[PDB]
Structures are given as structure tokens and as C-alpha cells.
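Structure first, then comments.
Because the Cβ atoms are built from the backbone with ideal geometry, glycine has one as well, and the counts that use them run over all protein chains shown. Computed from the coordinates by the stated procedures, all read-outs in this text should not be read as laboratory data.
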Amino acid sequence: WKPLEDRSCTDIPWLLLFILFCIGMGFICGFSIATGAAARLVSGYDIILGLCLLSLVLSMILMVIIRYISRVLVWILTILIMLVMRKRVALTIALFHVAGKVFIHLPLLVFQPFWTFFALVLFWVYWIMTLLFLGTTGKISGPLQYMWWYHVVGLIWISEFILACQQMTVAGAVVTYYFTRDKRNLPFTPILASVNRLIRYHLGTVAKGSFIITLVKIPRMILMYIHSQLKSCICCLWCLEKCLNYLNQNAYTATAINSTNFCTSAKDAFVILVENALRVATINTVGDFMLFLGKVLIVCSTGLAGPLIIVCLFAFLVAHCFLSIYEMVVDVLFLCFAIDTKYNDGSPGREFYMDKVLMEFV
């Protein structure tokens, strides 16, 4: 067994379905334009900045020093059965250290949220333009009266697809960093290589993951709207969606290593997660809590300068992005750590790819 081995396109039917669906959205935006919606809508028918920059500088510093903050920070919360879970908190801290190291080796990774937000904003602008166009297409008769149903479904699916593409890109970058034996022969552009691998292969996997996510998101939105348009709310399925979203992220990483279809990768990810259920709880409850304290650190320091309320808002928005990638890198680092443990041992010919810090933990 070797990682990053003979990649091939995965989930061809789902990629074809996603392309057909995107062509359908283009057909929506083309029918609206052809009928005249575009012409008859555009034409109609009868000190402060300096602190904001300090948010980026301090947040980027946090991507490289949060590993050390958490090591001594957890202690004061530990001041006063906890002994059983201590080893898992130590594993979380080690994974945070490795995340800091990969950020050191891949400085450009912090800007992935900015590129993803640019793509999402472009798509959202296009979707709002098409929604306004549909608001005047035509009254519109026939079965095409549900073109806006199609459009909303497409908004949800495509937004989830772009977010999952971000997740897959980050997972690929972290996987390339982790499974490379020595770091001095790293690819010249690890992130660009990950993007190329995502585009050429595994696009169907991301499409299927986003489809699965939206299939549950749409019921949640409908339930929320119906409840607002009124007793007891069963919208707690958002927990299922949140849990499903986490499973999808672990499914992309398993797809990035073994180049497996979405079903097999998701099954493997679920098996690994349940096999390490306690470790997953500690990393997602203690690790996440320390990330939240990191966000509070950024906003507090930026607002410590003082009118400037907008500065505090911007620092929070950027902090949620840099920290979000830190949670993505920690989660991907964990699954890569579990795949190595299952498929490899200390014997010769199957040597571990993990770092020294994580070596002692198994």
C-alpha cells in the first residue's frame, strides 16, 4: 500500500449529473435573458484601517503560535475521570502543533478562505442577478413556473459544492504535506497541485458530497420557514446536517489518499471515526473550545486600541476564517494520522509518515 497512488476520476455519474445541473442553471439564466428579463430589468419596465490590518497580522501570527498557547492554556482550565481523557487532550495538542508546522511549511494556506469567499461571492452575485431576472421572466406559464424552485435548489447545491471544494483543496494540501517523507522535496506549489488534482479528478466526489449535504439542508430551510409561518420544532436535524458535514470532510480526505469513490471513502472515514470515537470527541470539543478562545483573543486585542466598532467586526470575520482553516487542518491531520496507523506500523517497509510529536502517541 502506498499513498497518492495512480489517481483516477471518481464518481463519474455524479460529476455528469452535476454538470447537467449546472447546464440547467445556465439554461435558467439563458431563458431569462432571451425572453427579455435582462434588458427589462437592468433598464426597468413600466486609524480605522490600520487596526483592521492588525487583525490580519495578529491572526496570521496566531496560526503559528496557537500551538504554544494551547499547551499552557489548557492547564489553567485543568486546575479544577478527567485523567482518562487526558491522553486525548494531549493528542489534540499534538495535532495542533502539527497544524502549526504545516502552516509554517505552507504559508499560503491561510488565504484559502479568501479565494473561496471570492468564488462564493461571484456565484452569489450571479445567483442574485438571475433571481432578479426570474422576478420578471415571462407571468411565466407552463412547467417552467418552477424554474425558481430549480434555482433555489441550485443555490444551495452549488454553495455547498464550492464549500466542499474548499474542504477538498485543504485536505489535499494537508495530505501532500503529511505523506511526503521529508519536507525538503515538497511540491513547488502544493496548494496549486491540490487544486489541479481536485479539478482533474475527484470533482464528482465533491459534487456528491454537496448533494448529500443539500438534500438535508433543504428540509431544514423548509422546516424553519414553515415554523416561522405559524409548535414543537423538529429542526434538531440541523445536528444531523452538522454531523453529516463533518463526515463529508473526513470522506474527502479519505478520497484524497486512496483515490476511492465517495461511498467507499465515506465508509472508511466512518469506520475510522467510530474506531477512534473518544479521540474524535476530544479533538472536536476541547480543540474547538481552544479555537474559540483564540478568536476571542484576536477580537479583544484588535478592539483594545479604543467609531471603531467596524474594526471589531472585521477582526471577528477574519478570525473566523483563519481559525476555520485551522480546524480543517487539524481534522484532516487526524484522519491522515489514523490512516497511517491502520495501514502502517513500525516494521520495516511500512514506516510511519507522521511527525515526531505524533509518533509517541501510538
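Key figures for this structure:
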| quantity | calculated |
| --- | --- |
| Unique match (being surrounded by 19 or more Cβ atoms within 10 Å (Cβ to Cβ), farther than 30 Å from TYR353 by Cα and not basic (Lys, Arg)) among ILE212, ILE128 | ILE212 |
| Subset of segment 219-278 [over 19 Å from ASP11 (Cα atoms), part of a helix (DSSP H, G or I) and basic (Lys, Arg)] | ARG220, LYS242 |
| Residues within segment 194-209 that are buried (at least 16 other Cβ atoms within 10 Å of the Cβ) and in a helix (DSSP H, G or I), tallied | 11 |
| Yes/no for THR137 being of a type in the set (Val, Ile, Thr) and assigned to a helix (DSSP H, G or I) | no |
| Pair list, Cβ < 9 Å and 6+ apart or interchain, from segment 119-145 residues that are polar (S, T, N, Q) to residues that are assigned to a loop (DSSP other than H, G, I, E, B) | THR136/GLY36; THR136/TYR45; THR137/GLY36; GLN145/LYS139 |
| Residue in segment 177-190 that is basic (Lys, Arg), surrounded by fewer than 18 Cβ atoms within 10 Å (Cβ to Cβ), out of contact with any strand residue (DSSP E or B) (no Cβ under 8 Å at 6 or more places or on another chain) and not in a helix (DSSP H, G or I) present | yes |
| Residue list for segment 1-25, filter: surrounded by 15 or more Cβ atoms within 10 Å (Cβ to Cβ), more than 21 Å from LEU186 (Cα to Cα) and within 22 Å of the chain's Cα centre (by Cα) | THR10, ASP11, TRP14, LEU15, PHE18, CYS22 |
| Tally, over segment 293-306, of residues that are touching a helix residue (DSSP H, G or I) at 6+ places or on another chain (Cβ under 8 Å) and either among the hydrophobic types (A, V, I, L, M, F, W, C) or closer than 17 Å to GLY50 by Cβ (or both) | 8 |
| Filtered residues of segment 342-362 (kept if part of a helix (DSSP H, G or I), of a type outside the set (A, V, I, L, M) and either in contact with a strand residue (DSSP E or B) (Cβ under 9 Å, 6 or more places away or on another chain) or under 16 Å from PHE96 (Cβ atoms) (or both)) | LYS356 |
| Test: residue in segment 189-202 that is within 24 Å of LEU247 (Cβ to Cβ), touching a helix residue (DSSP H, G or I) at 6+ places or on another chain (Cβ under 8 Å) and of a type in the set (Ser, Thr, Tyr) | yes |
| Considering residues of segment 41-85 that are assigned to a loop (DSSP other than H, G, I, E, B) and aliphatic (A, V, I, L, M) only, the residue farthest from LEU323 (Cα to Cα) | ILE81 |
| Subset of segment 28-50 that is within 30 Å of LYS208 (Cα to Cα) and under 29 Å from the mean Cα position of the chain (by Cα) - its residue that is surrounded by the fewest Cβ atoms within 10 Å (Cβ to Cβ) | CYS29 |
